[PDB]
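Trainee: Attaching a single structure in structure tokens format; questions to follow.
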Amino acid sequence: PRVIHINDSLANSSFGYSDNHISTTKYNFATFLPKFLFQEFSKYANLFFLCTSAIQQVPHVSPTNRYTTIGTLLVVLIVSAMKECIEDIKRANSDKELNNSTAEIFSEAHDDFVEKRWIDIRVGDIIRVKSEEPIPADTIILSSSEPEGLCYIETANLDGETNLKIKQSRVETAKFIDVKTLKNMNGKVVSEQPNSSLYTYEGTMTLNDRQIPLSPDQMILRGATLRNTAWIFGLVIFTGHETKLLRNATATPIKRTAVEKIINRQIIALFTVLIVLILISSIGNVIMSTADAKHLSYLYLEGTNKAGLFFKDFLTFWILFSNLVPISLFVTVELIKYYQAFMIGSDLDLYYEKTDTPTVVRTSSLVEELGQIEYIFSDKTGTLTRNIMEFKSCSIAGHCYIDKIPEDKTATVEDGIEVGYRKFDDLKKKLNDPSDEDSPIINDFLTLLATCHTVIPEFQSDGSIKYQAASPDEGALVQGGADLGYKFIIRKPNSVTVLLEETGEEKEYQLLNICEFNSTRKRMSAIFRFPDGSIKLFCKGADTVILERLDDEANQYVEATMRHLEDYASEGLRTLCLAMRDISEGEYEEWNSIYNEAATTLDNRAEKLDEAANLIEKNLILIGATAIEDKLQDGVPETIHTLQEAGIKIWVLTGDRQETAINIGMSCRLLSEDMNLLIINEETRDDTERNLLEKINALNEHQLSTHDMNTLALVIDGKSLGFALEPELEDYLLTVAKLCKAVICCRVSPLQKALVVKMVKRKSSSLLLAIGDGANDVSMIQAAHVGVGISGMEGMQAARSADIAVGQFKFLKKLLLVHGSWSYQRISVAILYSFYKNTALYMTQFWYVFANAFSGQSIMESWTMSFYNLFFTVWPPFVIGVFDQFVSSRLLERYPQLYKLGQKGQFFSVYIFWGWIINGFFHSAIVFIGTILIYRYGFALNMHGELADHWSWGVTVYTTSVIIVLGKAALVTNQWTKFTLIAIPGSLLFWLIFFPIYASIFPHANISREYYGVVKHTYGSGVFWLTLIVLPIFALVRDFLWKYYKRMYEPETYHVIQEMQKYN
Amino acid sequence: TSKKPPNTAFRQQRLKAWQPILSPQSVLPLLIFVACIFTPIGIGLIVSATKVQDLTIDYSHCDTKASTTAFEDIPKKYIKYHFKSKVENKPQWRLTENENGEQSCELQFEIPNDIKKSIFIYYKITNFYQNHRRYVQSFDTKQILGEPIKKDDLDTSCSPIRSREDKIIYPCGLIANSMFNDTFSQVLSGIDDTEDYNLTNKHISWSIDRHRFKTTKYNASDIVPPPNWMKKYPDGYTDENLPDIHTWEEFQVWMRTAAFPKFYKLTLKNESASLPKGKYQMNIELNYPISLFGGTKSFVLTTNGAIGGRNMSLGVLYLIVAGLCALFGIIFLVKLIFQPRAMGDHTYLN
Ligand SMILES: CCCCC/C=C/C/C=C\C/C=C\C/C=C\CCCC(=O)O[C@H](COC(=O)CCCCCCCCCCCCCCCCC)COP(=O)(O)O[C@@H]1[C@H](O)[C@@H](O)[C@H](OP(=O)(O)O)[C@@H](O)[C@H]1O
Ligand SMILES: *[C@@H]1O[C@H](CO)[C@@H](O[C@@H]2O[C@H](CO)[C@@H](O[C@@H]3O[C@H](CO)[C@@H](O)[C@H](O[C@@H]4O[C@H](CO)[C@@H](O)[C@H](O)[C@@H]4O)[C@@H]3O)[C@H](O)[C@H]2NC(C)=O)[C@H](O)[C@H]1NC(C)=O
Ligand SMILES: *[C@@H]1O[C@H](CO)[C@@H](O[C@@H]2O[C@H](CO)[C@@H](O)[C@H](O)[C@H]2NC(C)=O)[C@H](O)[C@H]1NC(C)=O
Ligand SMILES: *[C@@H]1O[C@H](CO)[C@@H](O[C@@H]2O[C@H](CO)[C@@H](O)[C@H](O)[C@H]2NC(C)=O)[C@H](O)[C@H]1NC(C)=O
Ligand SMILES: *[C@@H]1O[C@H](CO)[C@@H](O)[C@H](O)[C@H]1NC(C)=O
Ligand SMILES: [Mg+2]
């Protein structure tokens, strides 16, 4: 029970209801850490390094400084925190921009409407909602500008239905139009508790005289949109998170890609090899310390506690090898994906001009999947078509008239009945003079085009009249019937006015009664009275419903109309038949009495009103038919062919029937003239089973040839699909669909559009891409792996819930071929290399336990190793993962088969991860043996017989390691821009300049006392600048020669495409 | 208002770049150039490492296998030498003892070639893990600067040798306690009409070590010697027994932890004159037993070169790289000459 006042802002506030502020932020300045730390430590690498840093705080165990890992941990943590804060601020910007809108609210003291913000809106205040504006909150209607009190709401955001719902006000309280009379009304509203049910409402409103009940018939939700109403007086009841729609808010589940799982497997492999190395080192340490207890007497070992000395030794290696799992990668990968999403959502070739809407990648975690898509579950109305109707053709009296007559059949052969294409000029030349017999029929048709509809006219200052219809087909019919002379103008209640431009005078007909449209009958009737005293009933309908109730002896153009419907349905044009009948006064009064008897029974409206209207629809005189087209977007017949040529299977979910869908698919270049159609249109489930069995056995009984497997398509209707989705028959459908190259689902139910997707991903390993528009298929977009939303006339409900928002369809040819094959080849190399540069360094920490008696001595400094992952090897990854292009976009679209290289997974796998790992091992061993062969006794200097030591050798090891890492990076890259020169030689010079300054300044502050005098013995030594030249070449000659060999004598596809790009 | 992205070379990914191609005409000249520039460097480095003249004598076990009454020969297993000429007389050795068991090993060798370069003399230790983690970090750096650190403020890294009998051990650490203490002759005593050859003992450590190793400000009644120095400093420290780590340069040379268990340590040098040919003799006061670490002490007399001293690792590395380059530059050449690729066309591999 929720008691709400009517005009008391302070009386209802004592209950303490929610505020109208809608917050979508993830974090806040109050409880940021208690959740951010949990989110950051819920992963693997972060918790592992936290445990490592916690272990590193015990005495005499850390082989390096106590703060050499927690520093990098805090650095990556604050980087993640600042990125989360940036994205949360970017969300809160739009949140506050939407939450501070204006609202006209009644004032108790001012006794008038004042402008305020949505934040200060309280429950119980009277507001005045204008037109073409969203609903502020859950308000009950008090009054409106209409005399009865009705209004039109659209559920384009709360539901998927595009029709307008008529919400009527209470007749006992809709008399308060002025504001000054709003002060003498008192009472309370007892509403229900906040729930999530949409069309269920109950309450009780107390008026000045008597109480009234409540119902969802006078309740408007927040997600609706008011239309065709000047102003309404509303009383808020639910606000904030207490509404019916925003209470059970949906949460988009995090989509995990395949690259993520491969990264997880590689991390598990690295953890296993880490444990192996640690255990080997510990066993060697204990056996050497036990077998040589006499030759190591100068170390003063424990002895009686040697067992414990085992455990304290274990940790000693853990930390020493904890750098094998790089923590910088888990942030570098997401930063690279963010930069890639930014660079993709800012391309001109993916920008729409006629609407000013660029590509908006709403989820930057799914950028690499665009290079490995196999299924595309597309829509037709909106995604393939322009979703704008246009009156194309009309056929009356057995003739045909079109504006653009094609030269294919313009010359009427007159093979008996007249068949062909004519212009509207001949229609006018046969209509102007009344000597023709069909002229009254043409007049009746042209009046039916501008009278039988239910479109609302609006006049403007420019003179161009606008038409507002609940459906675009009726608006297109009105526009096609008005442009020749019979325009539809101001429509007053209970009559229709038509302006005749041929004569110059305006006529008016008395609209007696109209019947609403039905989904089963697919008809609509409307009775009119003319100034001539004749009563004429018009009726519009489908081609297979009204034609059954005709008079074959009266009309002589039945077969002509059937042919005009058949040849129009063969091109995908929506056809509508129009008929008329003259009635007398007695049957008119009888039909009025039947309509009154049907209106008195408010319990039955779907069947009672239809049977009342059909009581007189026993015979009709057919006037003719109209055909409206819906063209396809520009570039779709090319993008679909290019995607099919790249090896992608398309499932078009069409709302038409079999032949219409087949024709629009053949026009869309989806199918062909020789593509074997496996038609499956059956109502009996057993017959569908038999058809599937016949298909699968006729397919498996013989081998699949190259020309036979590439030329197969499937077509299935709605009921057959609903029967083929059961758990007992889904396998047959899946195995018969995995063979055909194009699937066409006809008469698809809205919700079923999701079941076709959630059935594939649960029984396959391919990646799915669902592109669509409007709300009716939003559940599809949230079901596949990559969701794409088109910005169209069905509302922005799909673009706000899709992972990518694209203006039209044509852009896919560049979104997947170029912005996918790159987005998969970059990040992969940006990850494998991220495992190499690490292994090429800290593996020298393992080859050294054979020289320090298995003690765990750091070969390099404690802070230089920590700076290796932060300053000197952080830019080549970004350059190869954001700015590298292995093949030009000019040749990546000419040869779409390159997409298959990313579609299978030929660039990122464990078999290549192990190759990178063993290459790192090889280079580490090379540098280690090369450095120990030169610093044999440390006697490798020429400065007055002074000898080198531990750190003067670790510095050379580190320098050679970073030089070889940068050489590998330079060998990997394909695009030599300027960021590459900033990343590789830039980092080389950065290290070469940063080492002397650091080692000369910081030792004097008790930070790195192991660098005293090492600068002289390193730089001034004549062997440093010789090993730095002789070791990297010796280690990279293998990679150089192998690259040359694989390019020259064992090439691939792109290895030849790059040669063609270079030389041509 | 406008949401159209800019049209620039960066935002449209149209930056000018370079495509590295690996054509044979661009690879084979690179390989032959690398070979032609690495062969002279390699031969020059091996020639520079060849001209080093050195000598090494394993004087370990001299207290067991060396005579006492006369100079007997040293087994060929122990001696090593590289000179520009042939040595006529094999190095010999003898043992001697004074009072309180002060043993000494007297080695006698022959330098047959006038060494114009500056002479250096090291002691080589084997199987001594100075790079041990417990051993490399066990020394207080504040006492090296010379400060009176109290007991409760000493570095806990030198734990096993810290505060003996409730007195602050002044040289805390395992590196100082395990110091090599075999005194050398500091002069090559010439024999048979051969003049002596004095050797300098200072300026052998690092400059930063001489700058940081400061004379201690400790007293003598609050510090005790390390347990291994009690033989040379009995009854504790006094006003005169208290050393100075600033002038004690051998201490600074030993405190430089090496990287491998086979390391040199500079002891003596002479850069002011040439070492003429003749018979020389060196005395070593045997005090450091090899049973402490199971290694082999050695007396090394070397010179210096551009690389270091008798080490051909760099030269053989340069020669190996040049050889690999010159081998592949012929393999790939004959492979492309005798059988070309004949696969430049695309042939629709898709
Ligand atoms: C004094 C003796 C001197 C000997 C000198 C010898 C040098 C060569 C030695 C061995 C090489 C043997 C044969 C060489 C001939 C062929 C090698 C085949 C190598 C191979 O296909 O897989 C590679 C892994 O490569 C190793 O992982 C390389 C594996 C090497 C590991 C060796 C085994 C471990 C050694 C550890 C020793 C430690 C001992 C312990 C010592 C210390 C103990 C204290 C794969 O990675 P990759 O980066 O190349 O991948 C390529 C590459 O990215 C690119 O070139 C290709 O594009 P394109 O080509 O179209 O542009 C691209 O398509 C992709 O396929
Ligand atoms: C050159 O360097 C040699 C290696 O460091 C060193 O040889 C060691 O010298 C130490 C010091 O004397 C020896 O340690 C003593 O050994 C005797 C037995 O020989 C122990 O009795 C003695 O313990 C005593 O304990 C008493 C009661 O606790 C205490 O009051 C005494 O002060 C004393 O500490 C020591 O343990 C050691 O055995 C020697 N050999 C080895 C292999 O370590 C040389 O002395 C050194 N020579 C010079 C001239 O510096
Ligand atoms: C390096 O060795 C030379 C050669 O013996 C030393 O020069 C001799 O020094 C002594 C000093 O006692 C003189 O009596 C000799 O006359 C010098 N020799 C000649 C040929 O003049 C030189 O002193 C040594 N350098 C040192 C010890 O630092
Ligand atoms: C240069 O060499 C001579 C020859 O050994 C050194 O003279 C000896 O000095 C020690 C130290 O006092 C004496 O015990 C010897 O008796 C001396 N021998 C002779 C033959 O004089 C001389 O000390 C060396 N030069 C320097 C600067 O030490
Ligand atoms: C030395 O002298 C006495 C003990 O001998 C003591 O009071 C003093 O603090 C010691 N240290 C110094 C630096 O004088
Ligand atoms: Mg649609």
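How things are named: the first chain in the structure tokens is A, the next is B, and so on; residues count from 1 in each chain; ligands count from 1 in the order shown.
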Would you name the residues within 10 Å of ligand 2, counting only C-alpha atoms and all ligand atoms, and put them as a PyMOL selection string?

Mentor: (chain A and resi 297-298) or (chain B and resi 102+165+176-183+225-236+285-293)

Trainee: Print the selection's residues with N, CA and C atoms to a file, as an mmCIF file, in the first residue's frame.

Mentor:
data_model
loop_
_atom_site.group_PDB
_atom_site.id
_atom_site.type_symbol
_atom_site.label_atom_id
_atom_site.label_comp_id
_atom_site.auth_asym_id
_atom_site.auth_seq_id
_atom_site.Cartn_x
_atom_site.Cartn_y
_atom_site.Cartn_z
ATOM 1 N N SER A 297 82.092 -23.976 4.793
ATOM 2 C CA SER A 297 82.137 -23.668 6.216
ATOM 3 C C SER A 297 82.248 -22.176 6.491
ATOM 4 N N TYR A 298 82.700 -21.387 5.518
ATOM 5 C CA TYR A 298 82.815 -19.945 5.692
ATOM 6 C C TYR A 298 81.479 -19.222 5.584
ATOM 7 N N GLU B 102 105.484 -20.475 11.264
ATOM 8 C CA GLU B 102 105.275 -19.523 10.175
ATOM 9 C C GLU B 102 105.843 -20.123 8.895
ATOM 10 N N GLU B 165 80.459 -11.874 22.634
ATOM 11 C CA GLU B 165 80.639 -11.625 24.065
ATOM 12 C C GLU B 165 80.163 -10.238 24.489
ATOM 13 N N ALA B 176 84.420 -9.818 5.396
ATOM 14 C CA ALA B 176 85.619 -9.380 6.100
ATOM 15 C C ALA B 176 86.220 -10.503 6.933
ATOM 16 N N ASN B 177 85.371 -11.313 7.569
ATOM 17 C CA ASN B 177 85.860 -12.391 8.421
ATOM 18 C C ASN B 177 86.595 -13.458 7.622
ATOM 19 N N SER B 178 86.168 -13.714 6.386
ATOM 20 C CA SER B 178 86.777 -14.728 5.535
ATOM 21 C C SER B 178 87.803 -14.135 4.576
ATOM 22 N N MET B 179 88.630 -13.210 5.052
ATOM 23 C CA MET B 179 89.555 -12.510 4.172
ATOM 24 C C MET B 179 90.763 -13.378 3.839
ATOM 25 N N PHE B 180 91.187 -13.319 2.579
ATOM 26 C CA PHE B 180 92.389 -14.017 2.139
ATOM 27 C C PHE B 180 93.615 -13.353 2.754
ATOM 28 N N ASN B 181 94.371 -14.109 3.552
ATOM 29 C CA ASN B 181 95.447 -13.516 4.337
ATOM 30 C C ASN B 181 96.805 -14.157 4.072
ATOM 31 N N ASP B 182 97.154 -14.366 2.805
ATOM 32 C CA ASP B 182 98.475 -14.864 2.431
ATOM 33 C C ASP B 182 99.320 -13.684 1.965
ATOM 34 N N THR B 183 100.317 -13.321 2.767
ATOM 35 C CA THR B 183 101.165 -12.180 2.459
ATOM 36 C C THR B 183 102.176 -12.543 1.380
ATOM 37 N N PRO B 225 87.681 -8.152 17.576
ATOM 38 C CA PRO B 225 87.983 -8.591 16.211
ATOM 39 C C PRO B 225 87.056 -9.714 15.785
ATOM 40 N N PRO B 226 86.929 -9.968 14.481
ATOM 41 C CA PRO B 226 86.130 -11.106 14.041
ATOM 42 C C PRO B 226 86.786 -12.410 14.457
ATOM 43 N N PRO B 227 86.011 -13.489 14.597
ATOM 44 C CA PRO B 227 86.579 -14.739 15.134
ATOM 45 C C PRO B 227 87.755 -15.287 14.341
ATOM 46 N N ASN B 228 87.894 -14.929 13.066
ATOM 47 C CA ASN B 228 88.995 -15.425 12.252
ATOM 48 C C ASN B 228 90.236 -14.546 12.315
ATOM 49 N N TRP B 229 90.132 -13.337 12.861
ATOM 50 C CA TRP B 229 91.272 -12.438 12.981
ATOM 51 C C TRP B 229 91.898 -12.462 14.370
ATOM 52 N N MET B 230 91.456 -13.369 15.245
ATOM 53 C CA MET B 230 91.988 -13.415 16.600
ATOM 54 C C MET B 230 93.437 -13.879 16.645
ATOM 55 N N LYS B 231 93.942 -14.485 15.570
ATOM 56 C CA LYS B 231 95.336 -14.918 15.565
ATOM 57 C C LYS B 231 96.281 -13.737 15.391
ATOM 58 N N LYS B 232 95.926 -12.789 14.520
ATOM 59 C CA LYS B 232 96.777 -11.627 14.301
ATOM 60 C C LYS B 232 96.517 -10.527 15.322
ATOM 61 N N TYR B 233 95.306 -10.462 15.877
ATOM 62 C CA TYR B 233 94.940 -9.471 16.886
ATOM 63 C C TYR B 233 94.496 -10.181 18.161
ATOM 64 N N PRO B 234 95.428 -10.761 18.911
ATOM 65 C CA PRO B 234 95.061 -11.404 20.175
ATOM 66 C C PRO B 234 94.782 -10.377 21.262
ATOM 67 N N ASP B 235 94.111 -10.848 22.315
ATOM 68 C CA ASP B 235 93.718 -10.031 23.462
ATOM 69 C C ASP B 235 92.824 -8.858 23.069
ATOM 70 N N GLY B 236 92.224 -8.910 21.886
ATOM 71 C CA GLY B 236 91.316 -7.869 21.454
ATOM 72 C C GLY B 236 92.016 -6.733 20.734
ATOM 73 N N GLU B 285 103.693 -16.182 2.295
ATOM 74 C CA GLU B 285 103.490 -16.646 3.666
ATOM 75 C C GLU B 285 102.174 -17.411 3.724
ATOM 76 N N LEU B 286 102.262 -18.739 3.739
ATOM 77 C CA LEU B 286 101.078 -19.589 3.725
ATOM 78 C C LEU B 286 100.332 -19.454 5.047
ATOM 79 N N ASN B 287 99.153 -18.834 5.005
ATOM 80 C CA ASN B 287 98.326 -18.676 6.194
ATOM 81 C C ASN B 287 96.901 -19.141 5.927
ATOM 82 N N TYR B 288 96.481 -19.102 4.662
ATOM 83 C CA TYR B 288 95.111 -19.428 4.297
ATOM 84 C C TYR B 288 95.036 -20.878 3.846
ATOM 85 N N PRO B 289 94.387 -21.764 4.599
ATOM 86 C CA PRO B 289 94.315 -23.170 4.190
ATOM 87 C C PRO B 289 93.235 -23.400 3.145
ATOM 88 N N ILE B 290 93.558 -24.241 2.158
ATOM 89 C CA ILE B 290 92.593 -24.571 1.111
ATOM 90 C C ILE B 290 91.512 -25.525 1.586
ATOM 91 N N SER B 291 91.662 -26.111 2.775
ATOM 92 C CA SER B 291 90.628 -26.984 3.315
ATOM 93 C C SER B 291 89.389 -26.219 3.758
ATOM 94 N N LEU B 292 89.457 -24.888 3.822
ATOM 95 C CA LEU B 292 88.289 -24.102 4.199
ATOM 96 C C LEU B 292 87.258 -24.056 3.079
ATOM 97 N N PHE B 293 87.704 -24.139 1.824
ATOM 98 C CA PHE B 293 86.801 -24.056 0.687
ATOM 99 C C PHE B 293 87.059 -25.108 -0.383
#

Trainee: Using only C-alpha atoms and all ligand atoms, find each residue with an atom at most 9 Å away from ligand 1 and format the answer as a ChimeraX atom specification.

Mentor: /A:829,844,846-851,907,912-926,928-929,968,971-972,1034-1035,1037-1048,1050-1052,1054-1055 /B:22,317,320,324

Trainee: Residues near segment 107-121 of chain B, anyone? I mean within 9 Å using only C-alpha atoms, not counting same-chain ones fewer than 6 positions away, as an MDAnalysis selection string.

Mentor: (chainID A and resid 944:945) or (chainID B and resid 53 57 59 71 74 83:95 191 199 265:284 299:304)

Trainee: List the spatial neighbours of segment 236-247 of chain A as a list in words - criterion: any atom at most 7 Å away, only C-alpha atoms, same-chain residues fewer than 6 positions off excluded.

Mentor: residues 4, 18, 19, 20, 21, 22, 123, 124, 125, 137, 138, 139, 140, 194, 195, 196, 197 and 198 of chain A

Trainee: Please, which residues have at least one atom within 8 Å of an atom of ligand 5, using only C-alpha atoms and all ligand atoms, listed as a ChimeraX atom specification?

Mentor: /B:148,217-222

Trainee: Report as a list in words all protein, DNA and RNA residues lying within 10 Å of segment 690-700 of chain A, evaluated on only C-alpha atoms, omitting residues in the same chain fewer than 3 positions from it.

Mentor: residues 678, 679, 680, 681, 682, 684, 685, 686, 687, 703, 704, 709, 724, 729, 732, 733, 735, 736 and 739 of chain A

Trainee: Restricted to C-alpha atoms, what would the selected residues look like written as a JSON list (two decimals), in the first residue's frame?

Mentor:
[["chain", "number", "residue", "atom", "x", "y", "z"],
["A", 678, "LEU", "CA", 16.05, -26.89, -49.60],
["A", 679, "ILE", "CA", 12.51, -25.67, -48.97],
["A", 680, "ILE", "CA", 11.08, -26.76, -45.60],
["A", 681, "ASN", "CA", 7.51, -25.43, -45.22],
["A", 682, "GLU", "CA", 5.35, -27.93, -43.33],
["A", 684, "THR", "CA", 2.96, -31.28, -39.29],
["A", 685, "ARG", "CA", 5.89, -31.90, -36.95],
["A", 686, "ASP", "CA", 6.22, -35.48, -38.18],
["A", 687, "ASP", "CA", 6.33, -34.21, -41.76],
["A", 703, "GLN", "CA", 30.20, -37.24, -51.63],
["A", 704, "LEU", "CA", 30.17, -33.43, -51.45],
["A", 709, "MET", "CA", 28.96, -27.90, -51.28],
["A", 724, "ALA", "CA", 12.68, -27.76, -35.45],
["A", 729, "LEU", "CA", 14.98, -32.29, -33.54],
["A", 732, "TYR", "CA", 18.99, -32.46, -37.65],
["A", 733, "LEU", "CA", 18.37, -28.76, -38.29],
["A", 735, "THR", "CA", 23.60, -30.52, -39.27],
["A", 736, "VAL", "CA", 21.52, -29.56, -42.32],
["A", 739, "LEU", "CA", 26.26, -27.42, -44.88]]

Trainee: Give the residue list for ligand 6 at 8 Å, counting only C-alpha atoms and all ligand atoms, as JSON, numbers by chain, sorted by chain and then by residue number.

Mentor: {"A": [379, 380, 381, 382, 383, 387, 772, 773, 774, 776, 777, 794]}

Trainee: How would the residues just picked look written out with C-alpha atoms as an mmCIF file, in the first residue's frame?

Mentor:
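Listed below is the output, result.cif:
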data_model
loop_
_atom_site.group_PDB
_atom_site.id
_atom_site.type_symbol
_atom_site.label_atom_id
_atom_site.label_comp_id
_atom_site.auth_asym_id
_atom_site.auth_seq_id
_atom_site.Cartn_x
_atom_site.Cartn_y
_atom_site.Cartn_z
ATOM 1 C CA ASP A 379 17.504 -8.630 -40.013
ATOM 2 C CA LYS A 380 15.691 -7.546 -43.177
ATOM 3 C CA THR A 381 13.256 -4.751 -42.247
ATOM 4 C CA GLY A 382 15.666 -1.996 -41.261
ATOM 5 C CA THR A 383 19.014 -3.757 -41.527
ATOM 6 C CA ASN A 387 12.453 1.032 -43.557
ATOM 7 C CA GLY A 772 19.760 -5.511 -36.177
ATOM 8 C CA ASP A 773 17.575 -2.486 -35.576
ATOM 9 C CA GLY A 774 14.640 -1.662 -33.335
ATOM 10 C CA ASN A 776 11.772 -6.248 -31.353
ATOM 11 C CA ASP A 777 15.171 -7.945 -31.833
ATOM 12 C CA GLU A 794 12.355 2.214 -35.116
#

Trainee: How would you write, as a PyMOL selection string, the set of residues no farther than 9 Å from ligand 4 when counting only C-alpha atoms and all ligand atoms?

Mentor: chain B and resi 186-189+195-200

Trainee: What gap, in Å, lies between atom CA of residue 462 of chain A and atom CA of residue 151 of chain A?

Mentor: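 So the answer is 27.7 Å.
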
Trainee: Taking into account only C-alpha atoms, which residue in the set A:287, A:360, A:992, A:755 is nearest to chain B?

Mentor: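 Once distances to chain B are computed over only C-alpha atoms, the minimum belongs to A:360.
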
Trainee: Expressed in Å to a single decimal, how great is the separation between atom CA of residue 296 of chain A and atom CA of residue 132 of chain B?

Mentor: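 Interatomic distance, atom CA of residue 296 of chain A to atom CA of residue 132 of chain B: 10.4 Å.
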
Trainee: Identify which of the residues A:373, A:653, A:320, A:547 lies closest to chain B, counting only C-alpha atoms when measuring atom-to-atom distances.

Mentor: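 Among the listed residues, the smallest separation from chain B belongs to A:320.
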
Trainee: Give me the residues within 7 Å of residue 948 of chain A as a PyMOL selection string, counting only C-alpha atoms and dropping any in the same chain fewer than 6 places off.

Mentor: chain A and resi 938-939+1017

Trainee: Which value, in Å to one decimal, gives the distance between atom CA of residue 952 of chain A and atom CA of residue 996 of chain A?

Mentor: 12.7 Å

Trainee: With a distance cut-off of 9 Å and only C-alpha atoms, select the neighbouring residues of residue 933 of chain A, excluding the residue or stretch itself and same-chain residues fewer than 3 positions from it, and output the selection as a PyMOL selection string.

Mentor: (chain A and resi 928-930+936) or (chain B and resi 311+313-314)

Trainee: Go ahead and dump the residues you just picked, N, CA, C and O atoms, as a PDB file, in the first residue's frame.

Mentor:
ATOM      1  N   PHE A 928      73.695 -15.402 -21.662  1.00  0.00           N
ATOM      2  CA  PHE A 928      74.352 -15.828 -20.431  1.00  0.00           C
ATOM      3  C   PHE A 928      75.721 -16.433 -20.720  1.00  0.00           C
ATOM      4  O   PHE A 928      76.718 -16.063 -20.088  1.00  0.00           O
ATOM      5  N   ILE A 929      75.793 -17.364 -21.677  1.00  0.00           N
ATOM      6  CA  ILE A 929      77.079 -17.991 -21.968  1.00  0.00           C
ATOM      7  C   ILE A 929      78.041 -16.981 -22.582  1.00  0.00           C
ATOM      8  O   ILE A 929      79.243 -16.996 -22.289  1.00  0.00           O
ATOM      9  N   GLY A 930      77.533 -16.065 -23.412  1.00  0.00           N
ATOM     10  CA  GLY A 930      78.403 -15.062 -24.001  1.00  0.00           C
ATOM     11  C   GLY A 930      78.966 -14.091 -22.986  1.00  0.00           C
ATOM     12  O   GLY A 930      80.091 -13.609 -23.144  1.00  0.00           O
ATOM     13  N   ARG A 936      85.448 -13.904 -17.477  1.00  0.00           N
ATOM     14  CA  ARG A 936      85.852 -15.207 -16.956  1.00  0.00           C
ATOM     15  C   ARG A 936      86.251 -15.110 -15.489  1.00  0.00           C
ATOM     16  O   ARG A 936      85.649 -15.759 -14.625  1.00  0.00           O
TER      17      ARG A 936
ATOM     18  N   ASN B 311      92.495 -14.082 -23.568  1.00  0.00           N
ATOM     19  CA  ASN B 311      91.110 -14.533 -23.646  1.00  0.00           C
ATOM     20  C   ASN B 311      90.625 -14.294 -25.066  1.00  0.00           C
ATOM     21  O   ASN B 311      90.633 -13.154 -25.538  1.00  0.00           O
ATOM     22  N   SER B 313      87.511 -15.253 -26.348  1.00  0.00           N
ATOM     23  CA  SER B 313      86.070 -15.425 -26.509  1.00  0.00           C
ATOM     24  C   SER B 313      85.501 -14.431 -27.516  1.00  0.00           C
ATOM     25  O   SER B 313      84.704 -14.802 -28.387  1.00  0.00           O
ATOM     26  N   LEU B 314      85.905 -13.165 -27.418  1.00  0.00           N
ATOM     27  CA  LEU B 314      85.378 -12.147 -28.319  1.00  0.00           C
ATOM     28  C   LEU B 314      85.823 -12.394 -29.755  1.00  0.00           C
ATOM     29  O   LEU B 314      85.024 -12.263 -30.694  1.00  0.00           O
TER      30      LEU B 314
END

Trainee: Calculated over only C-alpha atoms, which of the candidates B:29, B:309, B:101, B:75 has the smallest distance to chain A?

Mentor: B:309

Trainee: Please identify the strand (DSSP E or B) residues within segment 77-216 of chain B (assignment by DSSP from backbone atoms) and present them as a count of residues only.

Mentor: 42
